[PDB]
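Input: a single structure, listed below in structure tokens.
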Amino acid sequence: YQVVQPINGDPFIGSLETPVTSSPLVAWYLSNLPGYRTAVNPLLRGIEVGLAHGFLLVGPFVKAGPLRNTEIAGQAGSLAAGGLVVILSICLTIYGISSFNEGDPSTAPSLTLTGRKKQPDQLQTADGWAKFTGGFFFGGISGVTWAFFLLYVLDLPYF
Amino acid sequence: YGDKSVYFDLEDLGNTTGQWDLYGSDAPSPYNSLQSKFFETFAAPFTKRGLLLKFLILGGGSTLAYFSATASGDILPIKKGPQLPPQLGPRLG
Amino acid sequence: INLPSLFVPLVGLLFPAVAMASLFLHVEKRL
Amino acid sequence: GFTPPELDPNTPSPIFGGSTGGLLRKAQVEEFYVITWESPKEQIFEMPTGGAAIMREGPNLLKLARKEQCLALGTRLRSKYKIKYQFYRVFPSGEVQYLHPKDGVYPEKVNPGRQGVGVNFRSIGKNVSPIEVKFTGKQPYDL
Amino acid sequence: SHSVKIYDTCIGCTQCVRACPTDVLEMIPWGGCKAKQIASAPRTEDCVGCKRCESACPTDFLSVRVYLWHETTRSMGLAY
Amino acid sequence: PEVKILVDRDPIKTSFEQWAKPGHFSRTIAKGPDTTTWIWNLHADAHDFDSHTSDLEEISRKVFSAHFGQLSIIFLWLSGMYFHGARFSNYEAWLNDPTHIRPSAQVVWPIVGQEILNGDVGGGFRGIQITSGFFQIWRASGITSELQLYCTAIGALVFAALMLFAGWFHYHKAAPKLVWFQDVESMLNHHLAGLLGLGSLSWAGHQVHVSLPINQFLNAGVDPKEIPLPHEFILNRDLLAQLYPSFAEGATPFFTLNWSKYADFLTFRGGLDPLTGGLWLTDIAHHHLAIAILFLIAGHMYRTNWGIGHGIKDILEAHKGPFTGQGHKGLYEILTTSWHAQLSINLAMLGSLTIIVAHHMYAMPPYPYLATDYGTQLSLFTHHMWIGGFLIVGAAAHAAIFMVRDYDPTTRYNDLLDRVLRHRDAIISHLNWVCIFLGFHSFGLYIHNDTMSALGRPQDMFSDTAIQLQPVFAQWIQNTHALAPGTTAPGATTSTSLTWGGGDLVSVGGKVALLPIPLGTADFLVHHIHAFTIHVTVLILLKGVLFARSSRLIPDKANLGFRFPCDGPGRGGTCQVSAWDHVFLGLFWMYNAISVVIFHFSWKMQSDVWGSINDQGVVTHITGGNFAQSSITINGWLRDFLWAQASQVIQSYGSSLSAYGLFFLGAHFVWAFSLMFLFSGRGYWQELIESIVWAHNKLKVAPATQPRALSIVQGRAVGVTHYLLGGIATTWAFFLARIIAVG
Amino acid sequence: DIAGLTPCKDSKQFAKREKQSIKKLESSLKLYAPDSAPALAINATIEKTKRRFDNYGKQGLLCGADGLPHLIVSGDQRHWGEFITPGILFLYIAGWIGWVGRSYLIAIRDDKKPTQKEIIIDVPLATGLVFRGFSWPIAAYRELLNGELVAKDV
Ligand code: CLA
Ligand code: CLA
Ligand code: CLA
Ligand code: CLA
Ligand code: CLA
Ligand code: CLA
Ligand SMILES: CC1=C(/C=C/C(C)=C/C=CC(/C)=C/C=C/C=C(C)\C=C\C=C(C)\C=C\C2=C(C)CCCC2(C)C)C(C)(C)CCC1
Ligand code: SF4
Ligand code: SF4
Ligand code: SF4
């Protein structure tokens, strides 16, 4: 019994099969993330990603920021998180504009792990990526607003 | 491809070169229609490349300008200004 | 109204951001 | 004039346990190379990318991502094991291109069916100075 | 693609051909020396610019010269 | 199968024929010199036995004889030490009053005004103060007069002669055969038991009879010349009975298993001796006794001739699991046919061991009057640290040499090595990520503190008074160590070391020997810096070893060899792709890491440990505890450490320490000189040498041996050698001057 | 005097430095026994310092405001002992060395393997050649005049 195997049994592709790389639970978890929901509208996946990330970013800015001790710690940190979300939206938009064209199909792989055809993920198109990045921006702003509202605006004892 | 030990065929180059998606779902939307019907309707105006880029750039610029030009004294010590008398140099001043 | 307060962010944050975005778009795409 | 051998899929590939030095996206979108040999007996050889692999009995086919890798593998097969080899260039369109040995005889041995390319009929010290080829698209050695 | 040139001082020793690590050089029939051989460079598009051929040439100055030129993915030796 | 003695008679006849021919080993070298490059090559491959030939037997015989020669050199060095201590030293004056006199065992003749270096070291003596710590060793051994030192020097000279003769005899008269060298089971059995265990038993026996009674008399206050000679304590046993009553019964407790009766001189106290400031000698004797038992038992593991024992092949091949295939199968054949594999393993282990030796030796000082000899402590720590670092880098060098030369899967195949070579890309990528992450968070915090301090925002700094980064784990571990005696280790009275805690400061002669070392935010930051540097140097060395044979850039890198300049400017440029160049870079990074480690040790010791005790018990530390608050910024390291402590060395002119200032400046010069070689290429130098050679040709004074510029690899080697010499020597001068003037 | 300096013999800072040096040396002497080896060494060093300063004053060196001797190399005949006659001595010795080495190189240049006699010095020939450097000033002069010092055709 050996645990590590070559990719799909093909030993000449630069990768391996390992419990970390390909275990049942890990594979399921990775496939169930918005980035890998190929058959879903890119806008909704972007919404989910943006919500998660915007809510994430508020904490470090608020607690570790230069105005953490000041009474306006929540406001300052939330504004910083929103600004970072805006900059990330700028980065996404320029990446999509530079890396995609309207008249080209999706650059995503068209084959699955068993060798059967499937519609390439539309996220890697021009308008698909535009929808995904718009959804990400909206979700990020919403997540920052929610995290800011959850604290400070409402007490809610934490820590 | 994959007959026994063969790992090459011109008929299917995509499989031969390992052009798979290790984690693509190929599953239907986990969201119910109602939630998507709201998100796709309220987040619609932000899904244009040029429009979104221009709006983001100018809106962020105006927001930064407004927030920096109207900062309160407890925010930035730079603009609150000095609060002590100035010292003299060794001979200048 | 403090003229430096308006311009320092404008030239240190807005201007580099827009310039880098524009130049990345120009340098990084087929014409 | 030496019909180049046609690449034959279904030929077994060498026994290998997998590696992180294999193909990448360049093979998927640009090109990759395939080398074939015979190897009279099953034996273990050093891969050009990772550890050790075993050549199967009879024909063997190996796909590499670089032509230089194919040449190194062919050199080892030719000098260590005394095996005859040929490798191809495969494009994503499905094209195959016989590469080496181009005319059935290795490039080391002179063949009466080769024309000269990039041969200058003068010593290297008789090239014009750059000033004579300035503002013309040519280079002093291209003349 | 780098530019490889063979000059008429070549003595057809074949040492450059043995050295090329991408099969760029060849031996072709010729009549100006005892070996009736001279080097050729018909596949310079696969040249990586290693200049390993020049290190093997016994003539002085060299009979094979490699001039590095425009770089391609083949000339840069990139596997990705 | 059996273990026996195998040799060959008169393999090489001693003669002078090959002396007259420079470079007999290589045929082309034997032919003669064509260019000056030849000369350098002759030295670059002097000890590369495996390249001059391919027979394992000849390589093994040469290695054995060279070992004998080096052992002879070491013995000569030790004999010189003992002779200098005997004649040109103030050892007896120091013995009468240790804390009062500064040890010295070197005088300089008065020739060009250099006699200023013969400084006032005390004890009616003028010489150069020595930081090697030999006086403490001799005191701990029981040496009281110079007759004993003279006898030891003569004996060491005789043993050096014996080692030299043994080397000659074994290479030229009786050379062991290959099967003799390949017998590793008996070798391990003898070294574990015959050498280490038996040697430790012998040293314990000496300590029981000579060290203990002599040091007890010395600590009782008896003048050294009035003490009975070490042999008397053996003739008349009541001499020992007086100091320790349990010697009265004599051996019968040992044979009736009434070993408790030996508790008088075989103790488990721990801590330091309050009088001398070192470990209890009754603890060291027991230490060596227990070590002797353990090694004499461990040296009975491997089977040699009588069936009982372990076959190393069986042990290796019995280990293998689902994640490693058939791992450990074939390693025995690899490690008994390649010398470079063994050399790399042993070099790594010896380097780590030397580093551990430094750590443990300043942790709990083992020699009397060593803790308060601050110069000795600092010098010993720094010396052992550098030696260990160099040995570790050599480990990587020789692992790469083996990989290029002796690794062969067709005949000697190993599974673990194959799997490592197959996922080297993942290994190196993750190591690279770890290096980047550590570099950002360790050094980035320093830059953050510096920027905050410059902007007048000390409240935002990562300090003990602003944002604390307390090493909770280290604090917990040392707290558990402090509580250890009487709780988890009942038989010990004092903790292992006084750095753990528990208070009980120990001082000698008005100077602090040791006291608890506190760990704070600065310690956290410097420890993470250490981790970062070690990881980066490991990255360089491991990448050099793993990618020695091939890579995605040059798929046939092994065919070029272990040492070579490049593979041309193709593929964008293939400069420094060989494993030797990876060792060359690892040298720079090892220098960086060890320099930071020794700087941390020196500053922490001066700030929080070393110092002077007073009547009320108020400790005044050499540096008034500024490490905790000043070491958290780069400006503090530049100001409160380098600038502040360089005053001692730069001022040394006009005194006995002027040599240290001279060496300071000279080391700076040599280091800056190295950059000449590290930054340039040999093409420019060859072109310049062309014009020089023409100028010589114009006067009929051109050399016949054509003067070529140095090879590329030689340029790199010269650059790194000069860089290391200059840096290490300037640090050496700085440390020695600072600690001798302030200590 | 020259360059505004004054003779060391009548200079004052020179004498002050001399006194300070001797005082510094004597400070260490009083610590040891009057007639021990360290005391004898320190006394010898003090005597050496006194002799050095007296000799510097005797030879007529120039001392600046710093109180240290300064060397005049303009060519003034009052100071030829500072740079010019030592310079002539150096030129003689260095030409000796260079001429001897060149003679050796020219002598061994005729063998089939001259490099062998370069990494292994042919001492027998070298001992005969080294003495030509006594008269190299004449040999080189006539070598130049005769026109074979410099390799023609180059
Ligand atoms: C060159 C121009 C420039 C300018 C004008 C600023 C200005 C500022 N910096 Mg920055 N910085 C710069 C360069 C600059 N920085 C560079 C080159 C570096 C790299 C070394 C940094 C590294 C740095 C760090 C690590 C931090 C700052 C912080 C800050 C803020 C501290 C004062 C404060 O508390 O205000 C008010 C505090 C707030 C939290 C309000 C946030 C600012 C506005 C309201 C956000 C709105 C953004 C808006 C949507 C536009 C997006 C950008 C768009 C123009 C593209 C301040 C607004 C600190 C900070 O505040 O964290 C964010 C801080 O942690 N700077
Ligand atoms: C090359 C000359 C020069 C230089 C080195 C600077 C440097 C500086 N200026 Mg200034 N400025 C200049 C010319 C210059 N200025 C001119 C000609 C004017 C109009 C009279 C101004 C008006 C001005 C104002 C109102 C302010 C500054 C301020 C500042 C400081 C902060 C950064 C900033 O606000 O950006 C500069 C802001 C501008 C509005 C500049 C616009 C004017 C020129 C024509 C722009 C040049 C752009 C051009 C494409 C690049 C020039 C070539 C090369 C240098 C790249 C900074 C030290 C701020 C300050 O006071 O510091 C606290 C501030 O508020 N400047
Ligand atoms: C005492 C007389 C003697 C004589 C006449 C010879 C003669 C010979 N030996 Mg030998 N040998 C001797 C003693 C002797 N050996 C001893 C005592 C040892 C034990 C170390 C050896 C071990 C030995 C080995 C392993 C080998 C020889 C070899 C040889 C032959 C090759 C040339 C040679 O010697 O190397 C050159 C002569 C030298 C003097 C080189 C210097 C070596 C010394 C040890 C350096 C000293 C280190 C120094 C302290 C370093 C610090 C530098 C500092 C001073 C700046 C030659 C016929 C070689 C051979 O036979 O090739 C097949 C061979 O491999 N010998
Ligand atoms: C790596 C070194 C380092 C570190 C740790 C810090 C840390 C800090 N700096 Mg700082 N700084 C640094 C270097 C560093 N700096 C350098 C080199 C400079 C230039 C000289 C500055 C200049 C600077 C300024 C001017 C200021 C700071 C400030 C701060 C504080 C707030 C910054 C902030 O909120 O940003 C944003 C933080 C985040 C966006 C968090 C991202 C990182 C997350 C938490 C980790 C993600 C990994 C995650 C665990 C992975 C798990 C994956 C899993 C979930 C799947 C903070 C404690 C501000 C301050 O007020 O100090 C108190 C301030 O104004 N810094
Ligand atoms: C009691 C048995 C014994 C002892 C004590 C030693 C001791 C030693 N061996 Mg050794 N060895 C042994 C058995 C033993 N060996 C056997 C049975 C074999 C065959 C398998 C080997 C094969 C072997 C090799 C191949 C090498 C050693 C080496 C060494 C030295 C290692 C360096 C060191 O630590 O220096 C410690 C220094 C001292 C302890 C100083 C005192 C030295 C005394 C005089 C050694 C005498 C022991 C010797 C075995 C006596 C037999 C010879 C007799 C006819 C006179 C060391 C002195 C290495 C070496 O050459 O040394 C540099 C080495 O290359 N040994
Ligand atoms: C017991 C330890 C040990 C042993 C037995 C060896 C043995 C060997 N090593 Mg090795 N090595 C070691 C440790 C060791 N090494 C360590 C610790 C390092 C890291 C620094 C290295 C790094 C290393 C490299 C990079 C290489 C070797 C090589 C070799 C082989 C040939 C060495 C040679 O003769 O070249 C000639 C030796 C010299 C010219 C001597 C160098 C003189 C040094 C630089 C001067 C030292 C200056 C001094 C300390 C202070 C100044 C004094 C001065 C002012 C007078 C040989 C088998 C070479 C090889 O090819 O392997 C097969 C090679 O490439 N080693
Ligand atoms: C007087 C004086 C001075 C000055 C001077 C001058 C400035 C002049 C000059 C000069 C010059 C202007 C010189 C020149 C030269 C030139 C040439 C051209 C040469 C040559 C030579 C040679 C070439 C040689 C060779 C040799 C020899 C002889 C030696 C050995 C061998 C040999 C071979 C190496 C002063 C004031 C400072 C000071 C005082 C003194
Ligand atoms: S430079 Fe290298 S790859 Fe190019 S022709 Fe010469 S040997 Fe071949
Ligand atoms: S190495 Fe030089 S001389 Fe020999 S065949 Fe090639 S070009 Fe001609
Ligand atoms: S610069 Fe030197 S090391 Fe780099 S490719 Fe050129 S010859 Fe090789």
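Note on naming: chains are A, B, ... as they come in the structure tokens, residues start from 1 per chain, ligands start from 1 in the order shown.
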
* **Environment of ligand 9 within 9 Å, counting only C-alpha atoms and all ligand atoms, reported as a ChimeraX atom specification** => /E:5-19,25-27,37-40,53-59,62-65

* residue 180 in chain F: which residues within 12 Å, counting only C-alpha atoms, same-chain residues fewer than 6 positions away excluded, as a VMD selection string? -> chain F and resid 1 to 8 56 to 57 60 to 61 64 186 to 187 336

Expected file: the selected residues, C-alpha atoms, as a short mmCIF file (atom, residue, chain, number, x, y, z; two decimals), in the first residue's frame:
```
data_model
loop_
_atom_site.label_atom_id
_atom_site.label_comp_id
_atom_site.auth_asym_id
_atom_site.auth_seq_id
_atom_site.Cartn_x
_atom_site.Cartn_y
_atom_site.Cartn_z
CA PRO F 1 31.54 -12.42 7.12
CA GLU F 2 33.93 -12.53 10.07
CA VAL F 3 35.76 -9.46 11.35
CA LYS F 4 39.54 -9.75 11.05
CA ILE F 5 42.65 -7.69 10.36
CA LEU F 6 43.54 -7.41 6.66
CA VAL F 7 46.49 -5.44 5.26
CA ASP F 8 48.80 -5.25 2.25
CA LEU F 56 37.98 2.62 -3.38
CA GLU F 57 40.91 0.89 -1.68
CA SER F 60 40.46 4.66 1.76
CA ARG F 61 44.18 4.19 2.40
CA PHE F 64 43.37 6.87 6.73
CA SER F 186 33.05 -3.54 14.59
CA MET F 187 34.12 0.07 13.98
CA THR F 336 29.73 1.84 2.84
#
```

* **Test item: chain A residues at most 12 Å from chain C, counting only C-alpha atoms, as a list in words** =>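 For chain A, the answer reads residues 83, 86, 87, 88, 90, 91, 92, 93, 94, 95, 96, 97, 98, 99, 100 and 101 of chain A.
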
* To do: Could you give me, as a list in words, each residue of chain C that DSSP assigns to helix (DSSP H, G or I) when run on this structure's backbone?
  => residues 3, 4, 5, 6, 7, 8, 9, 10, 11, 12, 13, 14, 15, 16, 17, 18, 19, 20, 21, 22, 23, 24, 25, 26 and 27 of chain C

* Asked: If you count only C-alpha atoms, which residues fall within 7 Å of range 12-21 of chain G, apart from same-chain ones fewer than 5 positions away, as a VMD selection string?
  -> chain G and resid 53 66 to 68

Store the residues picked out above in a file with N, CA and C atoms, as a PDB file, in the first residue's frame.
```pdb
ATOM      1  N   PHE G  53      65.131  59.942  20.705  1.00  0.00           N
ATOM      2  CA  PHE G  53      64.846  61.373  20.673  1.00  0.00           C
ATOM      3  C   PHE G  53      66.130  62.183  20.542  1.00  0.00           C
ATOM      4  N   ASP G  66      52.978  70.302  15.585  1.00  0.00           N
ATOM      5  CA  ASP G  66      52.585  69.074  16.262  1.00  0.00           C
ATOM      6  C   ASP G  66      53.705  68.529  17.137  1.00  0.00           C
ATOM      7  N   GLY G  67      54.940  68.961  16.903  1.00  0.00           N
ATOM      8  CA  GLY G  67      56.078  68.426  17.620  1.00  0.00           C
ATOM      9  C   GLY G  67      56.635  67.142  17.056  1.00  0.00           C
ATOM     10  N   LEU G  68      56.268  66.777  15.826  1.00  0.00           N
ATOM     11  CA  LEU G  68      56.740  65.556  15.199  1.00  0.00           C
ATOM     12  C   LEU G  68      57.676  65.878  14.035  1.00  0.00           C
TER      13      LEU G  68
END
```

* Asked: Taking the backbone alone, and naming residues the way the document does, which bits of chain E are strand (DSSP E or B) by DSSP, as a ChimeraX atom specification?
  -> /E:3-7,26-29,37-40,64-67

Can you spit out the residues from that selection as an mmCIF file, in the first residue's frame, using N, CA and C atoms?
```
data_model
loop_
_atom_site.group_PDB
_atom_site.id
_atom_site.type_symbol
_atom_site.label_atom_id
_atom_site.label_comp_id
_atom_site.auth_asym_id
_atom_site.auth_seq_id
_atom_site.Cartn_x
_atom_site.Cartn_y
_atom_site.Cartn_z
ATOM 1 N N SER E 3 21.474 33.983 -33.570
ATOM 2 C CA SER E 3 22.060 33.814 -34.893
ATOM 3 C C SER E 3 23.377 33.068 -34.756
ATOM 4 N N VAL E 4 23.479 31.921 -35.421
ATOM 5 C CA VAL E 4 24.680 31.094 -35.409
ATOM 6 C C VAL E 4 25.263 31.107 -36.813
ATOM 7 N N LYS E 5 26.548 31.430 -36.916
ATOM 8 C CA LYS E 5 27.240 31.508 -38.192
ATOM 9 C C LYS E 5 28.422 30.551 -38.198
ATOM 10 N N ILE E 6 28.664 29.950 -39.359
ATOM 11 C CA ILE E 6 29.816 29.087 -39.588
ATOM 12 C C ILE E 6 30.705 29.774 -40.611
ATOM 13 N N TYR E 7 31.980 29.924 -40.278
ATOM 14 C CA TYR E 7 32.930 30.616 -41.131
ATOM 15 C C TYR E 7 33.831 29.612 -41.836
ATOM 16 N N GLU E 26 24.954 20.866 -37.789
ATOM 17 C CA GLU E 26 25.025 19.661 -38.605
ATOM 18 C C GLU E 26 26.363 19.638 -39.325
ATOM 19 N N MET E 27 26.630 18.516 -39.983
ATOM 20 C CA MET E 27 27.756 18.372 -40.893
ATOM 21 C C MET E 27 27.215 18.208 -42.305
ATOM 22 N N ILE E 28 27.781 18.953 -43.248
ATOM 23 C CA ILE E 28 27.306 18.928 -44.629
ATOM 24 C C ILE E 28 28.486 18.682 -45.561
ATOM 25 N N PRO E 29 28.263 18.122 -46.750
ATOM 26 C CA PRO E 29 29.378 17.903 -47.678
ATOM 27 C C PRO E 29 30.010 19.216 -48.111
ATOM 28 N N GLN E 37 34.077 18.286 -45.144
ATOM 29 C CA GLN E 37 32.965 18.546 -44.244
ATOM 30 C C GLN E 37 33.035 19.983 -43.758
ATOM 31 N N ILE E 38 31.869 20.523 -43.405
ATOM 32 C CA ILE E 38 31.764 21.853 -42.821
ATOM 33 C C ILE E 38 30.475 21.902 -42.015
ATOM 34 N N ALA E 39 30.462 22.752 -40.995
ATOM 35 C CA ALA E 39 29.318 22.837 -40.102
ATOM 36 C C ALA E 39 28.210 23.682 -40.720
ATOM 37 N N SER E 40 26.971 23.336 -40.391
ATOM 38 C CA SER E 40 25.790 24.065 -40.823
ATOM 39 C C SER E 40 24.878 24.288 -39.625
ATOM 40 N N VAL E 64 32.809 28.856 -35.623
ATOM 41 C CA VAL E 64 31.381 28.914 -35.334
ATOM 42 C C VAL E 64 31.167 30.039 -34.334
ATOM 43 N N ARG E 65 30.284 30.976 -34.672
ATOM 44 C CA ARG E 65 30.021 32.136 -33.833
ATOM 45 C C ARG E 65 28.534 32.228 -33.543
ATOM 46 N N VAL E 66 28.195 32.430 -32.274
ATOM 47 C CA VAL E 66 26.814 32.550 -31.823
ATOM 48 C C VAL E 66 26.596 34.000 -31.422
ATOM 49 N N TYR E 67 25.654 34.663 -32.086
ATOM 50 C CA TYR E 67 25.288 36.039 -31.777
ATOM 51 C C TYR E 67 23.903 36.032 -31.146
#
```

* Check every protein, DNA and RNA residue against ligand 1, keep those with an atom at most 6 Å away (counting only C-alpha atoms and all ligand atoms), and present them as a count of residues only. => 20

* To do: Take CA of residue 378 in chain F and CA of residue 737 in chain F and report the distance between them in Å, one decimal.
  =>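 Computing it gives 11.5 Å between the two atoms.
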
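Near chain F, the residues of chain E that fall inside 8 Å (using only C-alpha atoms) are residues 48, 49, 50, 51, 52, 75, 76, 77, 78 and 79 of chain E.
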
* To do: Kindly compile the residues surrounding ligand 6 within 6 Å, counting only C-alpha atoms and all ligand atoms, and format them as a PyMOL selection string.
  => chain F and resi 43-48+390-391+393-394+397+580+721

Write to file, as a CSV table (one decimal), in the first residue's frame, the residues of the selection just made, with N, CA and C atoms.
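Listed below is the output, selection08.csv:
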```
chain,number,residue,atom,x,y,z
F,43,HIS,N,46.8,23.0,-6.5
F,43,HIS,CA,46.4,23.1,-5.1
F,43,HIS,C,44.9,22.8,-4.9
F,44,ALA,N,44.1,23.2,-5.9
F,44,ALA,CA,42.7,23.0,-5.8
F,44,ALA,C,42.2,21.6,-5.7
F,45,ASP,N,43.1,20.7,-6.2
F,45,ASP,CA,42.7,19.2,-6.2
F,45,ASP,C,43.8,18.4,-5.5
F,46,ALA,N,44.4,19.0,-4.4
F,46,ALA,CA,45.4,18.3,-3.7
F,46,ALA,C,44.8,17.1,-2.9
F,47,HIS,N,43.7,17.3,-2.2
F,47,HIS,CA,43.1,16.3,-1.4
F,47,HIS,C,41.9,15.6,-2.0
F,48,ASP,N,41.7,15.9,-3.3
F,48,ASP,CA,40.5,15.3,-4.0
F,48,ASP,C,40.9,13.9,-4.5
F,390,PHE,N,30.6,26.6,10.1
F,390,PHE,CA,31.4,26.1,9.0
F,390,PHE,C,31.3,24.7,8.7
F,391,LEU,N,31.2,23.8,9.8
F,391,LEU,CA,31.1,22.4,9.6
F,391,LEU,C,29.7,22.1,9.0
F,393,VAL,N,28.0,24.0,7.0
F,393,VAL,CA,28.0,24.3,5.5
F,393,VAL,C,28.8,23.3,4.8
F,394,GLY,N,29.9,22.8,5.3
F,394,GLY,CA,30.6,21.7,4.7
F,394,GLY,C,29.8,20.5,4.5
F,397,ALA,N,28.0,21.0,1.3
F,397,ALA,CA,29.0,20.9,0.2
F,397,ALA,C,29.2,19.4,-0.2
F,580,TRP,N,28.4,23.8,-6.2
F,580,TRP,CA,29.5,24.6,-5.6
F,580,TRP,C,29.2,26.0,-5.4
F,721,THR,N,36.4,33.7,0.4
F,721,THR,CA,37.4,33.5,1.4
F,721,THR,C,37.8,34.9,2.1
```

* **Near-ligand residues for ligand 2, threshold 6 Å, only C-alpha atoms and all ligand atoms, as an NGL selection string** => :C and (3-4 or 7-8 or 11)

* Return the neighbours of chain F among the residues of chain A, cut-off 9 Å, counting only C-alpha atoms, as a list in words. =>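 Result: residues 1, 2, 3, 4, 15, 16 and 66 of chain A.
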
Kindly export the residues of the current selection with N, CA, C and O atoms, as a compact mmCIF listing (two decimals), in the first residue's frame.
```
# COMPACT_ATOMS: atom_id res chain seq x y z
N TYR A 1 0.83 -1.20 0.00
CA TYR A 1 0.00 0.00 0.00
C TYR A 1 0.87 1.25 0.00
O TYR A 1 1.72 1.43 0.87
N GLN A 2 0.65 2.11 -0.99
CA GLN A 2 1.30 3.41 -1.08
C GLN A 2 0.24 4.49 -1.16
O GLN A 2 -0.80 4.32 -1.80
N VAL A 3 0.52 5.62 -0.51
CA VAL A 3 -0.46 6.69 -0.37
C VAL A 3 -0.36 7.69 -1.51
O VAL A 3 -1.38 8.12 -2.06
N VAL A 4 0.85 8.09 -1.87
CA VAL A 4 1.05 9.10 -2.90
C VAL A 4 1.05 8.43 -4.27
O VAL A 4 1.72 7.41 -4.47
N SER A 15 2.94 16.95 -11.23
CA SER A 15 2.15 17.02 -10.00
C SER A 15 2.01 15.60 -9.46
O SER A 15 2.42 14.63 -10.10
N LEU A 16 1.43 15.50 -8.27
CA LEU A 16 1.23 14.22 -7.59
C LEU A 16 -0.16 14.19 -6.97
O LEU A 16 -0.84 15.21 -6.86
N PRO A 66 -3.85 52.64 13.69
CA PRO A 66 -3.27 53.73 14.49
C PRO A 66 -4.24 54.37 15.46
O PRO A 66 -3.79 54.98 16.44
```

* To do: Considering only C-alpha atoms, extract the chain C residues located within 7 Å of chain B and return them as a PyMOL selection string.
  => chain C and resi 1-2+5-6+14

Keeping only N, CA, C and O atoms, write the selected residues as a PDB file, in the first residue's frame.
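What follows is the written file part10.pdb:
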```pdb
ATOM      1  N   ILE C   1      -9.899  73.196   3.107  1.00  0.00           N
ATOM      2  CA  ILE C   1      -9.439  74.510   2.675  1.00  0.00           C
ATOM      3  C   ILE C   1      -7.920  74.575   2.746  1.00  0.00           C
ATOM      4  O   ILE C   1      -7.288  75.325   2.001  1.00  0.00           O
ATOM      5  N   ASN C   2      -7.335  73.792   3.649  1.00  0.00           N
ATOM      6  CA  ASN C   2      -5.882  73.685   3.749  1.00  0.00           C
ATOM      7  C   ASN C   2      -5.372  73.018   2.480  1.00  0.00           C
ATOM      8  O   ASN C   2      -5.483  71.801   2.315  1.00  0.00           O
ATOM      9  N   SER C   5      -3.500  69.673   2.415  1.00  0.00           N
ATOM     10  CA  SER C   5      -4.258  68.497   2.832  1.00  0.00           C
ATOM     11  C   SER C   5      -4.986  67.865   1.654  1.00  0.00           C
ATOM     12  O   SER C   5      -5.150  66.641   1.598  1.00  0.00           O
ATOM     13  N   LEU C   6      -5.447  68.686   0.711  1.00  0.00           N
ATOM     14  CA  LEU C   6      -6.132  68.155  -0.461  1.00  0.00           C
ATOM     15  C   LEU C   6      -5.149  67.503  -1.424  1.00  0.00           C
ATOM     16  O   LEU C   6      -5.446  66.462  -2.022  1.00  0.00           O
ATOM     17  N   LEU C  14      -3.991  59.050  -5.216  1.00  0.00           N
ATOM     18  CA  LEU C  14      -4.815  59.010  -6.422  1.00  0.00           C
ATOM     19  C   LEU C  14      -3.953  58.968  -7.678  1.00  0.00           C
ATOM     20  O   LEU C  14      -4.156  58.120  -8.557  1.00  0.00           O
TER      21      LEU C  14
END
```
